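Fold and contact review
Here is how the chains run, residue by residue.
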Amino acid sequence: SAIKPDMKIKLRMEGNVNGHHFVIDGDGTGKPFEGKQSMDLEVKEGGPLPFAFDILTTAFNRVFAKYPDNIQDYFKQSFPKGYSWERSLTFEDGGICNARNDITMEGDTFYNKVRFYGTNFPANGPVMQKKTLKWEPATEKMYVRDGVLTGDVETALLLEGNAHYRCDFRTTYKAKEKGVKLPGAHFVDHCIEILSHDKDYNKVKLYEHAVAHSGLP
């Protein structure tokens with residue numbers, strides 16, 4: 001396999017949320033076969049961010065997902081040429097985000113060209129007031145729609161004061177090489193956590209664990 005057990009991650013995100021521009025660099029490592037990755041993020045422009053860092057974290061690669069033998073692993077089969085994804089995030093208070101990542105590989109390193117655009121967050125809402133605590137663990141439903149691998153998530157951020165803030169995600173995934181075979185319908189469970197950060201989330205250590213499964217025992 002082109003994909004080694006230990007891989008490096010280099011990332012640049014450029015984005016705009018409610019008109020605030022930012023550039024964030026990431027450096028990390030992961031274990032594709034164990035579905036684990038960790039990365040150090042550093043805000044390079046636009047800091048301190050005037051919105052909840054949590055809305056960005058799912059944009060900071062389903063190659064870091066433990067896939068069993070009985071499910072086609074589209075993501076690992078996409079290398080070395082790579083793949084990209086496009087995602088819409090719809091929040092319950094009208095906030096909308098569009099994100100994309102183009103993922104390439106050179107030697108032992110995944111390179112990520114990430115774009116993140118968010119609009120329509122109410123100024124008095126939990127995102128612009130920085131009242132988010134974390135993403136709850138979530139399940140991504142994977143299926144092919146009209147020849148395109150699609151992942152749906154229905155989830156929520158936990159807020160201060162025992163409240164939840166609902167978000168629906170739809171991601172479409174496309175391999176760069178024609179003829180990478182599409183998988184059957186399946187689930188990917190993930191957990192995403194900010195392990196540590198400094199005062200205004202200028203530096204953030206991010207961790208994610210993901211496991212693909214078929215639903216039953």
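Within every chain, residues carry numbers counted from 1 in written sequence order, not necessarily those of the entry, while residues missing coordinates are excluded from display. The side-chain quantities take in all heavy atoms of the structure and omit both hydrogens and water. Residues with missing side-chain atoms are left out of burial classes, side-chain pairs and their counts.

X-ray crystallography is the method the PDB entry lists for this structure, together with a resolution of 1.750 Å.

This part covers unusual backbone geometry. In the segment running from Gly 47 into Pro 48, the intervening peptide bond is cis, with an omega of -5 degrees. Examined against the element boundaries, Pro 48 turns out to sit in the loop between β3 (36-45) and α1 (74-77). A cis geometry characterises the amide bond from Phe 79 onward to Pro 80, with omega recorded as 10 degrees. Strands here mean DSSP runs of E at least two residues long; helices mean DSSP runs of H or I at least four residues long; both are numbered from the N terminus. Relative to the elements of secondary structure, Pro 80 occurs in the loop between α1 and β4 (83-91).

Two rings belonging to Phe, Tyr or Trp (six-membered ring only in the last case) form a pair when the distance between their centres is within 6.5 Å. Interplanar angles under 30 degrees mark stacking, angles over 60 mark edge-to-face geometry, and anything in between is tilted. Across all of its chains, the model carries 14 aromatic pairs by this definition. Plain terms: the ring middles of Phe 22 and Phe 51 are 5.6 Å apart, the flat faces sit at 55 degrees to each other, and that makes the pair tilted. Taken together, the residues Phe 22 in strand β2 (residues 20-31) and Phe 51 in the loop between β3 and α1 connect sequence positions 29 residues apart. The same class applies to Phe 22 as to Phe 51, namely buried. Each residue gets one of three labels from its accessible area relative to the maximum for its type: buried under 20%, exposed over 50%, partly exposed in between, using a 1.4 Å probe on protein chains only.

Here the focus is the side chain of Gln 37. Positionally, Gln 37 belongs in strand β3. Note on contacts: a residue pair qualifies if any of its non-hydrogen atoms lie within 4.5 Å across the two residues. Ignoring any residue separated from it by four or fewer positions in sequence, one finds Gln 37 in contact with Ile 9, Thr 29, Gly 30, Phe 60, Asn 61, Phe 64, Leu 206, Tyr 207 and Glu 208.

By convention in these notes, a salt bridge is any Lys or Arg side-chain nitrogen within 4 Å of a carboxyl oxygen on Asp or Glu. If you walk through the whole model with that rule in mind, you get 14 salt bridges. The shortest N-O distance in the salt bridge between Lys 8 and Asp 108 comes to 3.4 Å. Owing to a relative accessible area of 32%, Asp 108 belongs among the partly exposed residues under this scheme. Among the ionic pairs, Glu 140 bridges to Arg 62, the shortest N-O distance being 2.6 Å. Here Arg 62 lies in the loop between β3 and α1 and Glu 140 lies in strand β8 (residues 138-145), a separation of 78 residues in the sequence. Residue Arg 62 is classed as buried on the basis of its relative accessible area of 7%. By sharing partners, the salt bridges in this structure join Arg 12, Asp 25 and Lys 44 into a single network.

Residues belong to one nonpolar core when they are buried, are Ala, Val, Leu, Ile, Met, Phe, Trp, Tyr or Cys, and are joined through side-chain atoms within 4.5 Å. In this structure, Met 13, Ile 24, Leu 56, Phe 60 and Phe 91 are the most contacted members of the largest nonpolar core, which totals 59 residues. When sequence neighbours within four positions are dropped, the list of residues in contact with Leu 56 reads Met 13, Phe 22, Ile 24, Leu 49, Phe 51 and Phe 116.

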